[PDB]
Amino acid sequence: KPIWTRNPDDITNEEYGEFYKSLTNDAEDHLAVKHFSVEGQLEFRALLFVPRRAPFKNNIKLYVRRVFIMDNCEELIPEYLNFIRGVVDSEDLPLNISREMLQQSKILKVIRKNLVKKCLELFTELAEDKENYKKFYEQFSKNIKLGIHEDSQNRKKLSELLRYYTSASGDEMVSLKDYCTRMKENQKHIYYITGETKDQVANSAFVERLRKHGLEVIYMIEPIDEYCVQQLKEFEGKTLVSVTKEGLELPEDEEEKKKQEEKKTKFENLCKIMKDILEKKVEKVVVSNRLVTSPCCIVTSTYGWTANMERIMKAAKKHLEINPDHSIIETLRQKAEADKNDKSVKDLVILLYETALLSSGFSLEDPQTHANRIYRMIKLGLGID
């Protein structure tokens, strides 16, 4: 009887491996196996393997009552699981199944969903262990994320398999579950940032105040992440919020939120002056709740292009946020209220906007005009006319 025939028993990992080695011209053994049976309304068994190396249409061998049928049945498993290798042996399915009598086979749909669920269950089992799950995640994290994007019925359990660096995780990629265990009691949102490297997003202005209130930020630093997070809207009832987007909501604090409204009142006239100087370069100028040491940042619209998203694909609406507790912003407010058409006010507004542009991941529309702004402001700093 073939290896997949045997009640799940009497098989060592090295003979599972040799059979996985028969099936694949792999020179290493499998990283994982899931070997199950389904009895009942339908009857079939399946023996599935996760390889140790990402190979890059599935090649899962389909048998019917122990007779080989076909070698690349794409119906068997969704594309994001096409690294799975193995055998499926269905007890009752047409022996001459026409090649597209197949996308419509209902026996196959039941098989396929059982394959998907036992694969996800296998991945969860590997997760019940961190060492080997690291080895899996390094090879197939992009498969998990594309599953997030394309597979709605399985998106929750797939999200339980995501791992990310965070502001609290150090050198380790950790789970969303763990992030949730460390949340502050009045924290409703899961905060993330998208960017190119850990060190750019970790030191960005968008995290300053979140870092100083002790709030954890997830670092999503792969391009697929930008594509992944659009479909992953919540985890455990907590919604995912990007820190590079307008209208960041911090943990509920009645007293702190009153002082922020007072600051909005106080800076409303400077916001209109800046919005006037800047023209159509930004959509609005508003008071920030997310900055500490930096005077301003550029955030993108709620339903518009991310800075990283317009970076990634083609290479987006912008809001300028000003820090109400920054000496540069306070000085600027005083100069703008003494004279709004002051030339140095306009110069400083445009310079802060462009600097915020470079900080927020965008490109300048005229770098050398920007350079001459830098030179003028340097000469001011050294006392040169």
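Residue indices: 1-based, along the sequence shown.
Unmodelled deposited residues between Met101 and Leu102: none, per the record.
Higher mean CA temperature factor between 25-33 and 352-360: 25-33, per the PDB entry. Averaged over their C-alpha atoms, the temperature factors of 127-135 and 189-197 are higher for 127-135. Reading the B-factor column for the CA atoms of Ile277, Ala315, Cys297, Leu210 in the entry, the top value corresponds to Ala315.
Comparing the C-alpha B-factors of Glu222, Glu283, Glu255, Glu252 in the entry, the top value falls on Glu252.
Ranked within its chain, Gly40 lands in the highest third, by CA B factor from the PDB record. Among the modelled residues of its chain, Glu150 has a C-alpha B-factor that falls in the highest third according to the deposited record. Per the PDB record, residue ranking by Cα B-factor puts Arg65 in the middle third of the chain.
Per the deposited record, the Cα B-factor of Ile3 falls in the highest third when ranked against the other modelled residues of its chain. Sort the chain's modelled residues by C-alpha temperature factor and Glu268 lands in the middle third, per the entry.
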